[PDB]
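Structure below is data_38.cif: mmCIF, C-alpha atoms and all ligand atoms.
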data_start
#
loop_
_atom_site.label_atom_id
_atom_site.label_comp_id
_atom_site.auth_asym_id
_atom_site.auth_seq_id
_atom_site.Cartn_x
_atom_site.Cartn_y
_atom_site.Cartn_z
CA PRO H 1 -1.49 -18.38 4.77
CA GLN H 2 0.32 -17.11 7.86
CA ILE H 3 2.08 -13.81 7.09
CA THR H 4 4.80 -12.39 9.30
CA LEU H 5 5.51 -8.69 9.44
CA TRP H 6 9.22 -8.20 8.91
CA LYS H 7 8.23 -6.95 5.48
CA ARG H 8 5.11 -5.05 4.46
CA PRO H 9 2.27 -7.58 3.96
CA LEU H 10 1.89 -6.94 0.23
CA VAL H 11 -0.20 -9.43 -1.79
CA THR H 12 -1.46 -9.68 -5.36
CA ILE H 13 -5.15 -8.96 -5.85
CA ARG H 14 -7.39 -9.37 -8.90
CA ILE H 15 -10.01 -6.69 -9.56
CA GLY H 16 -11.83 -6.07 -12.85
CA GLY H 17 -9.50 -8.49 -14.66
CA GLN H 18 -6.35 -6.73 -13.50
CA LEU H 19 -3.55 -7.81 -11.17
CA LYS H 20 -2.42 -5.21 -8.64
CA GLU H 21 -0.25 -5.26 -5.52
CA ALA H 22 -1.96 -4.14 -2.32
CA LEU H 23 -1.20 -3.85 1.38
CA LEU H 24 -3.00 -5.86 4.00
CA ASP H 25 -3.85 -3.04 6.40
CA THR H 26 -5.52 -3.83 9.74
CA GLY H 27 -5.42 -0.14 10.71
CA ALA H 28 -7.63 0.74 7.70
CA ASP H 29 -11.41 0.43 8.17
CA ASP H 30 -11.97 0.70 4.40
CA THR H 31 -10.29 -0.58 1.25
CA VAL H 32 -8.72 2.22 -0.82
CA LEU H 33 -7.13 1.76 -4.25
CA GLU H 34 -5.03 4.19 -6.27
CA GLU H 35 -6.63 5.97 -9.26
CA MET H 36 -8.15 3.37 -11.56
CA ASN H 37 -11.18 2.74 -13.74
CA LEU H 38 -13.95 0.51 -12.43
CA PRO H 39 -17.28 -0.12 -14.09
CA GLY H 40 -20.71 0.85 -12.78
CA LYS H 41 -22.22 3.35 -10.38
CA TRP H 42 -20.16 5.22 -7.81
CA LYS H 43 -20.76 7.91 -5.21
CA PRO H 44 -18.47 10.72 -3.99
CA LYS H 45 -17.30 10.20 -0.41
CA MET H 46 -14.58 11.49 1.90
CA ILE H 47 -12.27 9.53 4.20
CA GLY H 48 -9.71 10.40 6.86
CA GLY H 49 -6.30 9.06 7.70
CA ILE H 50 -3.15 10.23 9.38
CA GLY H 51 -2.63 13.36 7.26
CA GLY H 52 -6.14 14.69 6.73
CA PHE H 53 -9.16 13.88 4.61
CA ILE H 54 -9.36 13.00 0.94
CA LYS H 55 -12.08 12.70 -1.68
CA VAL H 56 -12.70 9.21 -3.04
CA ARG H 57 -15.09 7.44 -5.40
CA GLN H 58 -17.09 4.74 -3.65
CA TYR H 59 -17.89 1.57 -5.58
CA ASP H 60 -20.18 -0.90 -3.80
CA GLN H 61 -20.37 -4.68 -4.23
CA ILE H 62 -17.13 -5.09 -6.21
CA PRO H 63 -15.44 -8.51 -6.47
CA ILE H 64 -11.76 -8.65 -5.47
CA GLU H 65 -9.66 -11.77 -5.25
CA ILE H 66 -7.19 -11.14 -2.45
CA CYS H 67 -4.31 -13.59 -2.37
CA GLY H 68 -6.53 -16.39 -3.68
CA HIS H 69 -9.47 -15.50 -1.48
CA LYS H 70 -12.72 -14.07 -2.82
CA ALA H 71 -14.29 -10.90 -1.48
CA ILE H 72 -17.18 -8.78 -2.78
CA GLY H 73 -17.54 -5.37 -1.20
CA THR H 74 -16.97 -1.63 -1.05
CA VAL H 75 -13.88 -0.31 -2.80
CA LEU H 76 -12.79 3.32 -2.57
CA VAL H 77 -10.67 4.86 -5.31
CA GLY H 78 -8.60 7.98 -4.70
CA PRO H 79 -5.22 9.44 -3.73
CA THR H 80 -4.04 6.85 -1.26
CA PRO H 81 -0.23 6.41 -0.96
CA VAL H 82 -0.49 2.65 -1.71
CA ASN H 83 -3.37 0.24 -2.56
CA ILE H 84 -4.76 -0.80 0.83
CA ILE H 85 -6.98 -3.70 1.77
CA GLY H 86 -8.99 -2.67 4.83
CA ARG H 87 -11.04 -4.49 7.44
CA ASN H 88 -14.24 -4.44 5.35
CA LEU H 89 -12.56 -7.00 3.05
CA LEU H 90 -10.04 -8.57 5.43
CA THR H 91 -13.02 -9.81 7.42
CA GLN H 92 -14.53 -11.36 4.28
CA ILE H 93 -11.40 -13.45 3.66
CA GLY H 94 -11.17 -14.65 7.26
CA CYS H 95 -8.15 -12.58 8.24
CA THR H 96 -7.28 -12.36 11.96
CA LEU H 97 -4.29 -11.07 13.92
CA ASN H 98 -2.52 -13.65 16.07
CA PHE H 99 0.25 -13.53 18.64
CA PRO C 1 -4.55 -14.44 21.35
CA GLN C 2 -6.61 -14.04 18.16
CA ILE C 3 -8.07 -10.66 17.26
CA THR C 4 -10.78 -10.59 14.59
CA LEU C 5 -11.19 -7.54 12.39
CA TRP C 6 -14.92 -6.98 12.76
CA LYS C 7 -13.91 -3.93 14.75
CA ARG C 8 -10.73 -1.88 15.06
CA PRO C 9 -7.94 -4.05 16.59
CA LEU C 10 -7.43 -1.74 19.56
CA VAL C 11 -5.36 -3.09 22.45
CA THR C 12 -4.04 -1.70 25.70
CA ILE C 13 -0.41 -0.54 25.67
CA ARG C 14 1.83 0.97 28.32
CA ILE C 15 4.61 3.46 27.74
CA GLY C 16 5.91 5.13 30.92
CA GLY C 17 2.90 3.88 32.86
CA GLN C 18 0.64 5.90 30.71
CA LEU C 19 -1.86 3.32 29.52
CA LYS C 20 -3.28 4.05 26.07
CA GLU C 21 -5.46 2.21 23.55
CA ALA C 22 -3.64 1.49 20.25
CA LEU C 23 -4.28 -0.07 16.84
CA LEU C 24 -2.36 -3.23 15.95
CA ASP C 25 -1.62 -1.91 12.47
CA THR C 26 -0.04 -4.14 9.78
CA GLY C 27 -0.30 -1.14 7.45
CA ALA C 28 2.15 0.96 9.51
CA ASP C 29 5.92 0.52 9.07
CA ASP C 30 6.57 2.25 12.38
CA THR C 31 4.77 2.84 15.65
CA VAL C 32 3.25 6.33 15.96
CA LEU C 33 1.75 7.60 19.22
CA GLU C 34 -0.37 10.62 20.11
CA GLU C 35 1.40 13.69 21.44
CA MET C 36 3.07 12.98 24.77
CA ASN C 37 6.11 14.58 26.38
CA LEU C 38 8.53 11.64 26.55
CA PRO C 39 12.02 12.15 27.92
CA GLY C 40 15.18 11.49 25.91
CA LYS C 41 16.88 12.30 22.62
CA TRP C 42 14.80 12.51 19.46
CA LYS C 43 15.08 13.36 15.75
CA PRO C 44 12.46 15.09 13.54
CA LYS C 45 10.67 13.05 10.89
CA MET C 46 7.71 13.39 8.52
CA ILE C 47 5.43 10.40 7.86
CA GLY C 48 2.70 10.20 5.28
CA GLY C 49 -0.54 8.49 4.53
CA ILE C 50 -4.08 9.27 3.54
CA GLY C 51 -4.40 13.07 3.46
CA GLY C 52 -0.66 13.81 3.44
CA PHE C 53 2.10 14.05 5.99
CA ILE C 54 2.48 14.86 9.68
CA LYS C 55 5.60 15.93 11.55
CA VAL C 56 6.65 13.53 14.30
CA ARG C 57 9.47 13.11 16.83
CA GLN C 58 11.43 9.85 16.56
CA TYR C 59 12.52 8.33 19.87
CA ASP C 60 14.64 5.16 19.81
CA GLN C 61 14.90 2.21 22.20
CA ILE C 62 11.73 3.11 24.07
CA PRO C 63 10.21 0.25 26.11
CA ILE C 64 6.52 -0.50 25.48
CA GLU C 65 4.23 -3.24 26.75
CA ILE C 66 1.62 -4.34 24.22
CA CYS C 67 -1.20 -6.48 25.54
CA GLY C 68 1.10 -7.91 28.24
CA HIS C 69 4.02 -8.49 25.86
CA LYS C 70 7.26 -6.52 26.22
CA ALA C 71 8.76 -4.61 23.30
CA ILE C 72 11.47 -1.99 22.87
CA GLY C 73 12.19 0.14 19.85
CA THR C 74 11.43 3.24 17.84
CA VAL C 75 8.34 5.23 18.73
CA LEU C 76 7.22 8.19 16.65
CA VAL C 77 5.34 10.90 18.54
CA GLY C 78 3.09 13.54 16.99
CA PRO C 79 -0.44 14.71 16.08
CA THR C 80 -1.84 11.38 14.94
CA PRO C 81 -5.57 10.97 15.57
CA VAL C 82 -5.02 7.39 16.77
CA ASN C 83 -2.24 5.49 18.55
CA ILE C 84 -0.70 3.04 16.05
CA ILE C 85 1.44 0.00 16.80
CA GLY C 86 3.37 -0.65 13.60
CA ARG C 87 5.34 -3.56 12.23
CA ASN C 88 8.55 -2.55 14.00
CA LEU C 89 6.93 -3.63 17.31
CA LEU C 90 4.34 -6.13 16.05
CA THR C 91 7.21 -8.41 14.99
CA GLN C 92 8.71 -8.22 18.49
CA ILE C 93 5.50 -9.52 20.08
CA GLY C 94 5.15 -12.29 17.47
CA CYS C 95 2.09 -10.90 15.67
CA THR C 96 1.06 -12.53 12.39
CA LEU C 97 -1.74 -12.16 9.88
CA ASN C 98 -3.63 -15.37 9.25
CA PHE C 99 -6.32 -16.41 6.72
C1 LIG X 101 -2.12 4.37 4.71
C2 LIG X 101 -1.14 3.34 5.27
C3 LIG X 101 -0.22 2.93 4.12
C4 LIG X 101 -0.29 3.81 6.46
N1 LIG X 101 -1.13 4.32 7.56
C5 LIG X 101 -1.56 3.24 8.48
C6 LIG X 101 -3.04 2.99 8.20
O1 LIG X 101 -3.43 1.74 8.78
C7 LIG X 101 -3.92 4.11 8.74
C8 LIG X 101 -4.00 4.22 10.26
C9 LIG X 101 -4.96 5.32 10.67
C10 LIG X 101 -6.29 5.04 10.97
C11 LIG X 101 -7.17 6.07 11.32
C12 LIG X 101 -6.71 7.38 11.39
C13 LIG X 101 -5.38 7.66 11.09
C14 LIG X 101 -4.51 6.63 10.74
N2 LIG X 101 -5.26 3.86 8.24
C15 LIG X 101 -5.91 4.68 7.42
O2 LIG X 101 -5.47 5.67 6.84
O3 LIG X 101 -7.27 4.24 7.29
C16 LIG X 101 -8.13 5.03 6.47
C17 LIG X 101 -8.06 4.48 5.06
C18 LIG X 101 -9.23 3.50 4.96
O4 LIG X 101 -9.86 3.49 6.24
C19 LIG X 101 -9.54 4.70 6.93
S1 LIG X 101 -0.55 5.63 8.31
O5 LIG X 101 -1.37 5.94 9.45
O6 LIG X 101 -0.66 6.73 7.37
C20 LIG X 101 0.99 5.48 8.79
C21 LIG X 101 2.06 5.94 8.03
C22 LIG X 101 3.38 5.78 8.47
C23 LIG X 101 3.64 5.15 9.69
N3 LIG X 101 4.91 4.98 10.13
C24 LIG X 101 2.58 4.70 10.46
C25 LIG X 101 1.28 4.88 10.01
#

Output the file's structure as C-alpha cells, nothing else.
Ligand SMILES: CC(C)CN(C[C@@H](O)[C@H](Cc1ccccc1)NC(=O)O[C@H]1CCOC1)S(=O)(=O)c1ccc(N)cc1
Amino acid sequence: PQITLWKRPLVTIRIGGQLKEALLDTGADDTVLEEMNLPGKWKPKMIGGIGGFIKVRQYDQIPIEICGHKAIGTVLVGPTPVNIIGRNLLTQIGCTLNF
Amino acid sequence: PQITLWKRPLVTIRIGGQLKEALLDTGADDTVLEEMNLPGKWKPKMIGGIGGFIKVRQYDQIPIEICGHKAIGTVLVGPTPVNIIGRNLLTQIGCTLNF
C-alpha cells in the first residue's frame, strides 16, 4: 500500500502465531518488540535511542508477516515504548519513502 | 524522490540557514532537532522513546526547508543524538510510505 502520515503508521503483524500492532519506523535501524516470548536461541544485546540505552534479547532469523508482506530477520525484544518495525525488516518488504 | 531504507534516510534540511542532516522519521510524531539557540517563544516538553525521556523546548510556526520543500510548524529542540523530521512536517512535504 501507500501510507500517509497524518496518523501513526501502525499495521498488524503476525509473529509466532500472534497478531500484534506495530509502528512502521524509518528512524529505527532495528526492529524492537515489547516483552514477549519467542522460541529458540537468543543473545543479550544493547541498543540506543533518544533517551539512552536499553538491554534487549536478540532473536535472529525470525519470520514476521508485516501488513501482508513476509520478512525473516532479526527481532529485538525489550522495553521499547511501542512495537517498532525498523529498516532491517522494512527493506525486506520493499518499503521506501516517497515525496 | 524515492528514498530506500538500506541506509538511514538522512536528508539535508535548513532552519535559519543552518544546514543540518536529518532523519525522515515515520516513527516520530514531532520533529526534534539537536540543541540550537533559536529565537522566539517556547514551552518546555518531555518526549520519550527507547531509553526514556529527554527534555526539549517546543517552538511553534518555525519555517524549515526539507530537501528543497518548504514546511512550517512545531520544532522540538533538545539533546537528541540525531536530528529527526517527524510526521508533523513529513505530511507537509507530501511524504508517504510505500510497499
Ligand atoms: C521509538 C519511536 C516510537 C520514537 N522515536 C523515533 C525513532 O525512529 C527513533 C529515532 C532515533 C534514532 C537514533 C537515535 C535516537 C533516536 N529510533 C530509535 O529509537 O531507533 C532505535 C531502535 C531500533 O533502532 C535504533 S523517538 O526518537 O524516541 C521520538 C520520540 C518522540 C518524538 N516526538 C520524536 C522522536

Requested in this report: Would you mind telling me which residue in C:10, C:5, C:72, C:28 lies nearest to ligand LIG 101 (chain X) when using only C-alpha atoms and all ligand atoms?
Outcome: C:28

Query raised in the report: What is the CA of residue 97 (chain C) to CA of residue 89 (chain H) distance in Å?
Result: 13.8 Å

Query - Given all atoms listed in the file as the counted atoms, nearest of C:54, C:90, C:36, C:47 to ligand LIG 101 (chain X) - result: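 Nearest candidate to ligand LIG 101 (chain X) out of C:54, C:90, C:36, C:47: C:47.
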
Report task. Residues within 8 Å of ligand LIG 101 (chain X), counting only C-alpha atoms and all ligand atoms: report them as a ChimeraX atom specification. Result -> /H:23,25-32,47-51,80-84,86 /C:23,25-32,47-50,53,76,80-82,84-86

Query raised in the report: What lies within 6 Å of residue 65 (chain H) using all atoms listed in the file, ignoring chain neighbours under 5 positions off, as a PyMOL selection string?
Result: chain H and resi 13-14+70

Requested in this report: For each of C:68, C:1, C:63, C:16, take the minimum atom-to-atom distance to chain H, counting only C-alpha atoms, then give the residue where this is smallest.
Outcome: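 That would be C:1, the residue with the smallest distance to chain H.
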
Report summary line: In Å and to one decimal, CA of residue 39 (chain C) is distant from CA of residue 12 (chain C) by 21.3 Å

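With distances restricted to all atoms listed in the file, H:87 is the closest residue to residue 9 (chain C) from H:78, H:44, H:62, H:87.
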
Query - Distance of CA of residue 67 (chain H) from CA of residue 11 (chain H), expressed in Å to one decimal place - result: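 Pair CA of residue 11 (chain H) / CA of residue 67 (chain H) returns 5.9 Å.
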
Requested in this report: Determine the nearest neighbour of chain C from the options H:17, H:37, H:60, H:96, counting only C-alpha atoms.
Outcome: H:96

Query raised in the report: Taking into account all atoms listed in the file, which residue in the set H:75, H:40, H:35, H:69 is nearest to chain C?
Result: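 Selected residue with least distance to chain C: H:69.
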